[PDB]
Amino acid sequence: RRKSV
Amino acid sequence: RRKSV
Amino acid sequence: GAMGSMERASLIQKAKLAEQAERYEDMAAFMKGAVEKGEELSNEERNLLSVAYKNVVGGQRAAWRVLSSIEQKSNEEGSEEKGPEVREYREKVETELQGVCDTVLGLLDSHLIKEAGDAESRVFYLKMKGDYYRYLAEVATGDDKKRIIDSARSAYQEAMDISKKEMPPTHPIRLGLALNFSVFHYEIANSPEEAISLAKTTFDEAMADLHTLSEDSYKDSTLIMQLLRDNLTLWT
Amino acid sequence: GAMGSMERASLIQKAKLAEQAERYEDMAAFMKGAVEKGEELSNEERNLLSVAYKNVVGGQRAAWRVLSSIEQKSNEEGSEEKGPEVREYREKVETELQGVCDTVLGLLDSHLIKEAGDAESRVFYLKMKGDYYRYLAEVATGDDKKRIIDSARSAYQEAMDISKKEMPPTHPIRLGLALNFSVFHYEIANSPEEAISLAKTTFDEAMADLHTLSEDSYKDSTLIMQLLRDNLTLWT
Ligand SMILES: COC[C@H]1CC[C@@H]2/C1=C\[C@]1(C)C(=C([C@H](C)COC(C)=O)C[C@@H]1O)[C@@H](O)[C@H](O)[C@@H]2C
Ligand SMILES: COC[C@H]1CC[C@@H]2/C1=C\[C@]1(C)C(=C([C@H](C)COC(C)=O)C[C@@H]1O)[C@@H](O)[C@H](O)[C@@H]2C
Ligand SMILES: [Cl-]
Ligand SMILES: [Cl-]
Ligand SMILES: [Mg+2]
Ligand SMILES: [Mg+2]
Ligand SMILES: [Mg+2]
Ligand SMILES: [Mg+2]
Ligand SMILES: [Mg+2]
Ligand SMILES: [Mg+2]
Ligand SMILES: [Mg+2]
Ligand SMILES: [Mg+2]
């Protein structure tokens, strides 16, 4: 899954 | 940690 | 209410979806609603009920232990005084945990246990009763501690007596009950010798019965037998 | 209320304990109470606020995706009709998720953003505003979808403009904002080219500024730069 923060 | 179920 | 207006089958279906979504509080609330319909539970439904609450209460217990440990460190020599907050928030979590245990014990008493005639249901519900008094015993520090411990003991013991009479030594519910009763002896009743003897005898009596089982039943029983072995390895 | 009677410092202390106990709903409720005291938040307090809600909403989003996937499979050709339960329970989770986003957006609007004068606080709160409209956009399917997407975009863009003017290219908040704005472009605004260009330029501008940093700041920035790289690797 793509990263977010 | 000891097992319980 | 608030599950009073939903169909029993819809509560069960939603409990399974909440399990898939790891939404254990919802799963428990749906299963509470299903029990409150007043009909007995099937095997699969008793499993859902037990899984929902075991997860909810397991999260509260792990949190209580974290906060208890912090509160203990705050009470050591030369720890700086930080005010009442640690104790307050441990008490908040502890109160919520007690409410969950009281809710499960309420369901068992009104009216799961009294209508449960088959060994597999009676022993299952009595094990849950032992388990939830045991969680109350984990946090109990006052006048009632001895009575709460004895309620855990009495329920586990009635389940042990029925399971020994009515179920094979390899039954997963028999093995799970013994595993938990052995943990109760070890860390609640200050009887590690009894905990060890119980886990040993249970493991060996199941070993000797494995040969009667199908491949699938063999897998089911040996899974819980390994938990008995893990505890024996830890304790000896 | 219900945090109205607790001291601001006690709310903050309890938020930190709830974090240690992984009790994110409590942590969020304590931080909401702290914001509602009306004083501005420090750096450390803005972090606690953001961590509490990011965890709460991350659990609801992961659950919504599980249920959405199930509901989609139920709508495929030759799937058996199972009634309204999947849609109902996805809507229940979706409604609760929306309520959390609305609560955060409420805190930002009343009155975090308007009193935030320093770049580090203004950009932080505008990124949160972008993030919570983005989560609303993830579930939005009706008349308002375009306006919700544009609210995410406008907040991210105002934060981008301030961060570019006022913060170094290696600032963790600048890098985190770009990471999230790039995700918004990729999966909300159907602009994967913009998402890629943004993640690339952000990574390279930070690379060139690393030499100005202490060892500790270097560690902080390179951590988020790796998330930019993980997305570029996924998308290209
Ligand atoms: C009231 O105590 C319930 C507890 C007693 C032993 C065990 C219990 C719970 C659950 C439902 C099961 C497992 C197995 C160990 C793992 O799951 C599998 C694949 O069988 C873990 C689950 O919590 C059931 O499956 C078992 O048949 C059995 C009822
Ligand atoms: C509103 O968006 C907040 C979000 C923007 C980037 C990042 C954010 C959140 C938190 C608080 C941090 C990290 C770091 C990546 C890991 O933690 C460490 C050790 O720095 C993950 C945490 O959720 C802070 O620390 C960062 O300084 C910075 C504020
Ligand atoms: Cl509290
Ligand atoms: Cl529902
Ligand atoms: Mg009916
Ligand atoms: Mg001192
Ligand atoms: Mg108490
Ligand atoms: Mg009956
Ligand atoms: Mg005060
Ligand atoms: Mg069919
Ligand atoms: Mg909706
Ligand atoms: Mg100000």
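Each position is counted from 1, following the chain as shown.
The header says X-ray crystallography, 1.9 Å.
Note: Cβ is positioned from N, Cα and C throughout, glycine not excepted.
Within the same chain, residues 11, 29-30, 32-34, 36 sit at least 6 positions outside the expression tag (D:1-5) and bring their C-beta atoms closer than 8 Å to a C-beta of that stretch. The expression tag annotation in the PDB entry covers D:1-5.
Taken from Swiss-Prot, the feature phosphoserine applies to D:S10 (among others). For D:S10 (phosphoserine), other Cβ atoms within 10 Å of its Cβ number 19. DSSP gives D:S10 (phosphoserine) a helix state.
Annotated phosphoserine per Swiss-Prot: D:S79 (among others), in sequence order. The 10 Å shell around the Cβ of D:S79 (phosphoserine) contains 10 further Cβ atoms across the protein chains shown.
DSSP assigns D:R61 (site 'Interaction with phosphoserine on interacting protein') to a helix. Listed in sequence order, D:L97, D:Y135, D:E138 are the same-chain residues at least 6 apart in sequence whose CB falls under 8 Å from the CB of D:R61 (site 'Interaction with phosphoserine on interacting protein'). The site 'Interaction with phosphoserine on interacting protein' annotation in Swiss-Prot covers D:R61 (among others).
Residues or ranges marked as site 'Interaction with phosphoserine on interacting protein' by Swiss-Prot: D:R134 (among others). Classification of D:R134 (site 'Interaction with phosphoserine on interacting protein') by DSSP places it within a helix. In sequence order, D:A152, D:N180, D:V183, D:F184, D:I188 constitute the residues six or more apart from D:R134 (site 'Interaction with phosphoserine on interacting protein') in its chain with CB-CB distances below 8 Å.
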Query = Rounded to the nearest angstrom, how far is the Cα of D:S10 (phosphoserine) from the Cα of D:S79 (phosphoserine)?
reply = 53
